[PDB]
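Undergrad: Sharing a structure below in structure tokens format, with a few things to ask.
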Amino acid sequence: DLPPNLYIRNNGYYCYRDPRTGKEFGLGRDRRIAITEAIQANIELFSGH
């Protein structure tokens with residue numbers, strides 16, 4: 001179960017989707033460092049820009 005707002009590329013690269021630009025953010029192939037950032041990004045989805 002991957003975290004919400006976060007997705008993965010067919011190459012196995014993790015990427016987060018910002019709701020203000022709707023664009024994606026390249027993190028890396030490490031679900032450890034990627035999920036880490038996604039979590040901080042998830043906290044902002046509750047505080048808003």
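Chain labels follow the order of the structure tokens: the first chain is A, the next B, and so on; residue numbering restarts at 1 in every chain, and ligands are counted from 1 in their shown order.
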Tell me, which residues of chain A carry DSSP strand (DSSP E or B), written as a list in words?

TA: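 Assigned to strand (DSSP E or B), within chain A: residues 6, 7, 8, 14, 15, 16, 17, 24, 25, 26, 27 and 28 of chain A.
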
Undergrad: Extract, using only C-alpha atoms, all DNA, RNA and protein residues at most 9 Å from residue 34 (chain A), discarding same-chain residues fewer than 5 positions from it, and format them as JSON, numbers by chain.

TA: {"A": [6, 14, 15, 16, 26, 27, 28, 29, 39]}

Undergrad: For a quick check of understanding, using only C-alpha atoms, which of A:2, A:7, A:12, A:18 has the smallest distance to residue 40 (chain A)?

TA: A:18
